[PDB]
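Structure first, commentary second.
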Amino acid sequence: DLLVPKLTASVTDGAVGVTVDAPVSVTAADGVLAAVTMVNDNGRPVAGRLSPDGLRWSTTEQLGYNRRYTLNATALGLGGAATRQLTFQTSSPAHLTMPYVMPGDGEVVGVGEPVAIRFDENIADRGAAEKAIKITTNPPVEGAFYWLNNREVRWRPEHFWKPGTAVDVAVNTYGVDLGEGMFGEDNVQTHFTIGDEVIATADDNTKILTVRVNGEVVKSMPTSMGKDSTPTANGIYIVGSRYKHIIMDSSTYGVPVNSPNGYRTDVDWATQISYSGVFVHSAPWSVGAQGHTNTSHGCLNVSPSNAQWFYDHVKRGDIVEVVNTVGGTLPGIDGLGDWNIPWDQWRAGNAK
Ligand SMILES: *C(=O)CC(=O)[C@@H](C)CC(=O)C(=O)O
């Protein structure tokens, strides 16, 4: 009794809402695939690949949103032939959101650097976004997702990264329903490495900014932080971008320039450590106060040479800690204040 070949697809005829996050495949049993074609509505063929043993065919390029595909396959065996025709329709998004992932590919960053995925649209289903984001670490370490706002989610370990750790971030959002008819416009894939442990502590009691590289004190900077009425917040800051020079505009951070606490200052050697506008930068005008008295709007004022030193030796992801000021604590959702959120609260997340 010779068997008739059987044709099994990873879709079914008449299917709709087929998600394009995965390839479409066809399998033969009691025979081999002699012919497999898939065309879109317009008759344009889709690239596919047949396995050497002739048993498995799969698409090999991206499938498009909002499309009607037609699949034709024929299987031959000693028992005879069999042909099937399947038509199906893929997801038809109401909205598309593009993801952006920091830090940059190939980059080497500090031990406080979180994984950041920012979407250009509000994410209705955060849980679906988190699931779609595949993070790999080496050596392996536990981490968790937490949302700073409706568009950006962060991933980080309980403690600072171990130097030498590889991080791989695969944002596989294409074809994924992120909620309310919003699907990922594309995928992104970044990889980066954890460099040396650089931790700079600013103690308001001593007015000193001590830089420690892998435990070792390598630089001690007299500093002037925020004057009482505009104090520098205590807490953990993540180093962000660095500038040879930059015009600091208080309106950029919510405070009108023409205000009592406003300002517009052109400074040298500026290292940003909070979205709220905290910078380590060159403050020549206050070199007398540094190490003695706080006089700034909130920045860590240091000498020109120490500012340039900081610029040259501190990198994105390195850590600045402020302690014992008269300020409060840096908001966990500052954008660079991730570490100020307790692990239990971060691990619990906020996907809802
Ligand atoms: C950063 O937030 C701005 C500052 O705190 C420094 C530039 C200090 C300052 O504004 C000043 O008046 O010297």
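Numbers for residues simply follow the sequence, beginning at 1. Every heavy atom of this structure was used, including side-chain atoms; hydrogens, water molecules and symmetry mates were not.
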- Which value, rounded to the nearest 0.5 Å, describes the distance between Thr37 atom OG1 and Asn72 atom CG? 4.5 Å
- Kindly indicate whether a cation-pi arrangement holds for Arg118 with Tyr100, taking the cut-offs as under 6.0 Å to the six-membered ring centre and within 45° of the axis. yes
- Task: For residues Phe183 and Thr97, determine if any side-chain heavy atom of one lies less than 4.5 Å from a side-chain heavy atom of the other.
- Result: no
- Do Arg68 and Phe88 come close enough that some side-chain heavy atom pair is under 4.5 Å? no
- Residues, nucleotides or ligands: over 12 heavy atoms within 6.0 Å of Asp312 CG: yes
- Query: Do you know which two heavy atoms are closest between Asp196 and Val111, and how far apart they sit?
  - Reply: O-CG1, 4.0 Å
- Counting only heavy atoms not in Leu55, do more than 12 fall under 6.0 Å of its CG? yes
- Task: Taking the side chain as every heavy atom from C-beta outward, state whether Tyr69 and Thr90 have any pair of such atoms under 4.5 Å apart.
- Result: yes
- Message: For a 4.5 angstrom cut-off between non-hydrogen side-chain atoms, does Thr201 reach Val323?
- Response: yes
- Roughly how far, to the nearest 0.5 Å, is the CD atom of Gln85 from the CG atom of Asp13? 7.5 Å
- Geometric cation-pi criterion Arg156 and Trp346, 6.0 Å radius, 45° cone: yes
- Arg84, CZ atom: more than 12 neighbouring heavy atoms under 6.0 Å: no
- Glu152 and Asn149, any side-chain heavy atoms less than 4.5 Å apart: yes
- Task: Give a yes or no on whether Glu216 atom CD has more than 12 heavy-atom contacts from other residues, nucleotides or ligands under 6.0 Å away.
- Result: no
- Say whether, by atom type as modelled, one donor and one acceptor occur between the side chain of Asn294 and the main chain of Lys227 under 3.5 angstrom. no
- Message: Looking at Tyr311, I'd like to know if the NZ or CZ of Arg242 sits under 6.0 Å from its six-membered ring centre while staying within 45 degrees of the ring's axis.
- Response: yes
- Item | Distance (rounded to the nearest 0.5 Å) between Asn306 CG and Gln290 CD | 8.5 Å
- Message: Classify the ring geometry of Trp161 against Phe192: parallel below 30°, tilted from 30° to 60°, perpendicular beyond 60°.
- Response: perpendicular
- Task: First locate atom CD of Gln189, then atom CG of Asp168, and finally report the distance between them rounded to the nearest 0.5 Å.
- Result: 4.5 Å
- Between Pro114 and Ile238, is any pair of side-chain heavy atoms under 4.5 Å apart? yes
- Do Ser224 side-chain atoms and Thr293 backbone N/O form a donor-acceptor pair below 3.5 Å? yes
- side chain to side chain donor-acceptor pair (under 3.5 Å) with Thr325: which of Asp204, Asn234, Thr232? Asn234
- Least distance between heavy atoms, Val176 atom then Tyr65 atom: N-OH, 4.2 Å
- Task: Consider only side-chain heavy atoms of I, L, V, M, F, W and Y, link residues closer than 4.5 Å, and tell whether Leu336 and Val198 are in one cluster.
- Result: no
